[PDB]
>>> print(open('query.pdb').read())   # PDB, N, CA and C atoms
ATOM      1  N   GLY O   1       4.312 -14.546   8.202  1.00  0.00           N
ATOM      2  CA  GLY O   1       4.504 -14.766   6.742  1.00  0.00           C
ATOM      3  C   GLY O   1       5.124 -13.565   6.053  1.00  0.00           C
ATOM      4  N   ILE O   2       5.126 -13.584   4.719  1.00  0.00           N
ATOM      5  CA  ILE O   2       5.708 -12.505   3.923  1.00  0.00           C
ATOM      6  C   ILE O   2       5.012 -11.163   4.109  1.00  0.00           C
ATOM      7  N   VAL O   3       3.698 -11.189   4.303  1.00  0.00           N
ATOM      8  CA  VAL O   3       2.942  -9.955   4.488  1.00  0.00           C
ATOM      9  C   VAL O   3       3.318  -9.288   5.805  1.00  0.00           C
ATOM     10  N   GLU O   4       3.488 -10.107   6.837  1.00  0.00           N
ATOM     11  CA  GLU O   4       3.866  -9.616   8.152  1.00  0.00           C
ATOM     12  C   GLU O   4       5.276  -9.042   8.137  1.00  0.00           C
ATOM     13  N   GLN O   5       6.184  -9.708   7.425  1.00  0.00           N
ATOM     14  CA  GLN O   5       7.577  -9.268   7.348  1.00  0.00           C
ATOM     15  C   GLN O   5       7.904  -8.157   6.348  1.00  0.00           C
ATOM     16  N   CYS O   6       7.137  -8.073   5.263  1.00  0.00           N
ATOM     17  CA  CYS O   6       7.399  -7.086   4.221  1.00  0.00           C
ATOM     18  C   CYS O   6       6.355  -6.002   3.990  1.00  0.00           C
ATOM     19  N   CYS O   7       5.111  -6.289   4.355  1.00  0.00           N
ATOM     20  CA  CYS O   7       4.036  -5.327   4.174  1.00  0.00           C
ATOM     21  C   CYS O   7       3.727  -4.563   5.455  1.00  0.00           C
ATOM     22  N   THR O   8       3.333  -5.279   6.506  1.00  0.00           N
ATOM     23  CA  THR O   8       3.023  -4.615   7.770  1.00  0.00           C
ATOM     24  C   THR O   8       4.282  -4.060   8.426  1.00  0.00           C
ATOM     25  N   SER O   9       5.427  -4.667   8.141  1.00  0.00           N
ATOM     26  CA  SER O   9       6.692  -4.160   8.657  1.00  0.00           C
ATOM     27  C   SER O   9       7.614  -3.953   7.453  1.00  0.00           C
ATOM     28  N   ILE O  10       8.782  -3.368   7.681  1.00  0.00           N
ATOM     29  CA  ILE O  10       9.705  -3.121   6.586  1.00  0.00           C
ATOM     30  C   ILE O  10      10.412  -4.385   6.102  1.00  0.00           C
ATOM     31  N   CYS O  11      10.417  -4.528   4.784  1.00  0.00           N
ATOM     32  CA  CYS O  11      11.012  -5.663   4.101  1.00  0.00           C
ATOM     33  C   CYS O  11      12.533  -5.507   3.969  1.00  0.00           C
ATOM     34  N   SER O  12      13.188  -6.581   3.547  1.00  0.00           N
ATOM     35  CA  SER O  12      14.631  -6.598   3.348  1.00  0.00           C
ATOM     36  C   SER O  12      14.919  -7.620   2.247  1.00  0.00           C
ATOM     37  N   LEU O  13      16.061  -7.488   1.575  1.00  0.00           N
ATOM     38  CA  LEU O  13      16.443  -8.421   0.509  1.00  0.00           C
ATOM     39  C   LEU O  13      16.637  -9.842   1.059  1.00  0.00           C
ATOM     40  N   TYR O  14      17.156  -9.925   2.281  1.00  0.00           N
ATOM     41  CA  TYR O  14      17.394 -11.198   2.936  1.00  0.00           C
ATOM     42  C   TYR O  14      16.082 -11.976   3.029  1.00  0.00           C
ATOM     43  N   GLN O  15      15.028 -11.291   3.475  1.00  0.00           N
ATOM     44  CA  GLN O  15      13.709 -11.899   3.614  1.00  0.00           C
ATOM     45  C   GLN O  15      13.050 -12.227   2.277  1.00  0.00           C
ATOM     46  N   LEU O  16      13.143 -11.316   1.311  1.00  0.00           N
ATOM     47  CA  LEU O  16      12.562 -11.540  -0.011  1.00  0.00           C
ATOM     48  C   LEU O  16      13.102 -12.803  -0.669  1.00  0.00           C
ATOM     49  N   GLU O  17      14.422 -12.984  -0.638  1.00  0.00           N
ATOM     50  CA  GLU O  17      15.040 -14.161  -1.239  1.00  0.00           C
ATOM     51  C   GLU O  17      14.614 -15.484  -0.610  1.00  0.00           C
ATOM     52  N   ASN O  18      14.031 -15.424   0.583  1.00  0.00           N
ATOM     53  CA  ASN O  18      13.544 -16.634   1.237  1.00  0.00           C
ATOM     54  C   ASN O  18      12.369 -17.175   0.442  1.00  0.00           C
ATOM     55  N   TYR O  19      11.737 -16.313  -0.348  1.00  0.00           N
ATOM     56  CA  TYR O  19      10.589 -16.729  -1.141  1.00  0.00           C
ATOM     57  C   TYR O  19      10.847 -17.061  -2.601  1.00  0.00           C
ATOM     58  N   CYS O  20      12.110 -17.025  -3.014  1.00  0.00           N
ATOM     59  CA  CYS O  20      12.464 -17.384  -4.383  1.00  0.00           C
ATOM     60  C   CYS O  20      12.535 -18.898  -4.402  1.00  0.00           C
ATOM     61  N   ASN O  21      12.306 -19.496  -5.563  1.00  0.00           N
ATOM     62  CA  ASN O  21      12.394 -20.946  -5.672  1.00  0.00           C
ATOM     63  C   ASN O  21      13.864 -21.393  -5.712  1.00  0.00           C
TER      64      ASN O  21
ATOM     65  N   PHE V   1      14.478  -0.318  -3.879  1.00  0.00           N
ATOM     66  CA  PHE V   1      13.016  -0.605  -3.954  1.00  0.00           C
ATOM     67  C   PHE V   1      12.585  -1.712  -2.995  1.00  0.00           C
ATOM     68  N   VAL V   2      13.562  -2.342  -2.344  1.00  0.00           N
ATOM     69  CA  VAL V   2      13.309  -3.449  -1.422  1.00  0.00           C
ATOM     70  C   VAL V   2      13.082  -3.090   0.057  1.00  0.00           C
ATOM     71  N   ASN V   3      13.787  -2.075   0.539  1.00  0.00           N
ATOM     72  CA  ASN V   3      13.689  -1.674   1.938  1.00  0.00           C
ATOM     73  C   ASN V   3      12.601  -0.659   2.276  1.00  0.00           C
ATOM     74  N   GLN V   4      11.362  -1.129   2.192  1.00  0.00           N
ATOM     75  CA  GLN V   4      10.179  -0.322   2.471  1.00  0.00           C
ATOM     76  C   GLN V   4       8.998  -1.267   2.697  1.00  0.00           C
ATOM     77  N   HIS V   5       7.822  -0.692   2.939  1.00  0.00           N
ATOM     78  CA  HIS V   5       6.613  -1.485   3.120  1.00  0.00           C
ATOM     79  C   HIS V   5       6.149  -1.842   1.716  1.00  0.00           C
ATOM     80  N   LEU V   6       6.150  -3.135   1.415  1.00  0.00           N
ATOM     81  CA  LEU V   6       5.737  -3.633   0.110  1.00  0.00           C
ATOM     82  C   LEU V   6       4.482  -4.463   0.293  1.00  0.00           C
ATOM     83  N   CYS V   7       3.381  -3.992  -0.282  1.00  0.00           N
ATOM     84  CA  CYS V   7       2.108  -4.690  -0.150  1.00  0.00           C
ATOM     85  C   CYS V   7       1.432  -4.920  -1.492  1.00  0.00           C
ATOM     86  N   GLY V   8       0.652  -5.994  -1.571  1.00  0.00           N
ATOM     87  CA  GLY V   8      -0.075  -6.298  -2.785  1.00  0.00           C
ATOM     88  C   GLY V   8       0.771  -6.443  -4.030  1.00  0.00           C
ATOM     89  N   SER V   9       0.355  -5.775  -5.106  1.00  0.00           N
ATOM     90  CA  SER V   9       1.072  -5.838  -6.373  1.00  0.00           C
ATOM     91  C   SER V   9       2.492  -5.302  -6.235  1.00  0.00           C
ATOM     92  N   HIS V  10       2.695  -4.410  -5.271  1.00  0.00           N
ATOM     93  CA  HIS V  10       4.011  -3.823  -5.026  1.00  0.00           C
ATOM     94  C   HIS V  10       4.993  -4.875  -4.492  1.00  0.00           C
ATOM     95  N   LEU V  11       4.497  -5.783  -3.657  1.00  0.00           N
ATOM     96  CA  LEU V  11       5.318  -6.853  -3.092  1.00  0.00           C
ATOM     97  C   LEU V  11       5.603  -7.904  -4.158  1.00  0.00           C
ATOM     98  N   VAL V  12       4.580  -8.223  -4.951  1.00  0.00           N
ATOM     99  CA  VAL V  12       4.687  -9.202  -6.026  1.00  0.00           C
ATOM    100  C   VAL V  12       5.720  -8.766  -7.082  1.00  0.00           C
ATOM    101  N   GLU V  13       5.734  -7.478  -7.390  1.00  0.00           N
ATOM    102  CA  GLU V  13       6.682  -6.932  -8.350  1.00  0.00           C
ATOM    103  C   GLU V  13       8.120  -7.036  -7.835  1.00  0.00           C
ATOM    104  N   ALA V  14       8.306  -6.798  -6.537  1.00  0.00           N
ATOM    105  CA  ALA V  14       9.620  -6.886  -5.901  1.00  0.00           C
ATOM    106  C   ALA V  14      10.162  -8.313  -5.984  1.00  0.00           C
ATOM    107  N   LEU V  15       9.318  -9.300  -5.678  1.00  0.00           N
ATOM    108  CA  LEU V  15       9.709 -10.708  -5.745  1.00  0.00           C
ATOM    109  C   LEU V  15      10.078 -11.071  -7.179  1.00  0.00           C
ATOM    110  N   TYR V  16       9.317 -10.544  -8.137  1.00  0.00           N
ATOM    111  CA  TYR V  16       9.573 -10.798  -9.550  1.00  0.00           C
ATOM    112  C   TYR V  16      10.953 -10.300  -9.978  1.00  0.00           C
ATOM    113  N   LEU V  17      11.289  -9.076  -9.577  1.00  0.00           N
ATOM    114  CA  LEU V  17      12.573  -8.461  -9.914  1.00  0.00           C
ATOM    115  C   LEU V  17      13.752  -9.098  -9.189  1.00  0.00           C
ATOM    116  N   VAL V  18      13.567  -9.410  -7.913  1.00  0.00           N
ATOM    117  CA  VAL V  18      14.634 -10.009  -7.124  1.00  0.00           C
ATOM    118  C   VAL V  18      14.912 -11.470  -7.481  1.00  0.00           C
ATOM    119  N   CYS V  19      13.865 -12.276  -7.597  1.00  0.00           N
ATOM    120  CA  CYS V  19      14.043 -13.697  -7.887  1.00  0.00           C
ATOM    121  C   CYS V  19      14.409 -14.043  -9.317  1.00  0.00           C
ATOM    122  N   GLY V  20      14.031 -13.185 -10.258  1.00  0.00           N
ATOM    123  CA  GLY V  20      14.355 -13.428 -11.654  1.00  0.00           C
ATOM    124  C   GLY V  20      13.876 -14.756 -12.218  1.00  0.00           C
ATOM    125  N   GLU V  21      14.764 -15.443 -12.932  1.00  0.00           N
ATOM    126  CA  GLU V  21      14.454 -16.729 -13.549  1.00  0.00           C
ATOM    127  C   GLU V  21      14.206 -17.864 -12.575  1.00  0.00           C
ATOM    128  N   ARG V  22      14.503 -17.631 -11.303  1.00  0.00           N
ATOM    129  CA  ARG V  22      14.268 -18.633 -10.271  1.00  0.00           C
ATOM    130  C   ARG V  22      12.768 -18.732  -9.983  1.00  0.00           C
ATOM    131  N   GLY V  23      12.056 -17.626 -10.171  1.00  0.00           N
ATOM    132  CA  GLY V  23      10.644 -17.615  -9.867  1.00  0.00           C
ATOM    133  C   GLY V  23      10.481 -17.460  -8.363  1.00  0.00           C
ATOM    134  N   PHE V  24       9.247 -17.553  -7.883  1.00  0.00           N
ATOM    135  CA  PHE V  24       8.976 -17.389  -6.461  1.00  0.00           C
ATOM    136  C   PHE V  24       7.592 -17.891  -6.123  1.00  0.00           C
ATOM    137  N   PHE V  25       7.262 -17.835  -4.844  1.00  0.00           N
ATOM    138  CA  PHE V  25       5.937 -18.214  -4.400  1.00  0.00           C
ATOM    139  C   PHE V  25       5.406 -17.095  -3.512  1.00  0.00           C
ATOM    140  N   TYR V  26       4.135 -16.757  -3.703  1.00  0.00           N
ATOM    141  CA  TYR V  26       3.481 -15.707  -2.934  1.00  0.00           C
ATOM    142  C   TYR V  26       2.334 -16.324  -2.151  1.00  0.00           C
ATOM    143  N   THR V  27       2.469 -16.325  -0.831  1.00  0.00           N
ATOM    144  CA  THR V  27       1.461 -16.879   0.064  1.00  0.00           C
ATOM    145  C   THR V  27       1.061 -15.802   1.068  1.00  0.00           C
ATOM    146  N   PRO V  28       0.007 -15.033   0.753  1.00  0.00           N
ATOM    147  CA  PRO V  28      -0.524 -13.943   1.579  1.00  0.00           C
ATOM    148  C   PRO V  28      -0.967 -14.415   2.953  1.00  0.00           C
ATOM    149  N   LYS V  29      -1.441 -15.654   3.008  1.00  0.00           N
ATOM    150  CA  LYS V  29      -1.922 -16.257   4.241  1.00  0.00           C
ATOM    151  C   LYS V  29      -0.998 -17.390   4.682  1.00  0.00           C
ATOM    152  N   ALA V  30       0.150 -17.034   5.250  1.00  0.00           N
ATOM    153  CA  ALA V  30       1.109 -18.033   5.717  1.00  0.00           C
ATOM    154  C   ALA V  30       1.240 -18.018   7.240  1.00  0.00           C
TER     155      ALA V  30
END
>>> encode(input="query.pdb", output="structure tokens")
Amino acid sequence: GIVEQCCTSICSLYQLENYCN
Amino acid sequence: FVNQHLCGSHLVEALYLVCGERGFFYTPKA
């Protein structure tokens, strides 16, 4: 999930936008 | 501000700034 991709590991804009509506 | 470890309120703030008027969904347990 988002925590695994952005918190426990380094985040990226590509990944963040996956969570925008 | 995006390319780092973002957790909790710090991650929520990033989604807020990046998504803008589109909004977003935060699911800590996915």
>>> resolve_selection(input="query.pdb", expression="the PyMOL selection byres ((chain O and name CA) within 6 of (chain V and name CA))", output="MDAnalysis selection string")
chainID O and resid 1 6:7 10:12 19:21
>>> select_by_dssp(input="query.pdb", residues="chain V", states="helix (DSSP H, G or I)", output="ChimeraX atom specification")
/V:9-22
>>> axis_aligned_box(input="query.pdb", around="range 2-9 of chain O", padding_each_side="6 Å", output="JSON")
{"center_x": 5.4, "center_y": -8.8, "center_z": 6.3, "size_x": 17.0, "size_y": 21.6, "size_z": 16.7}
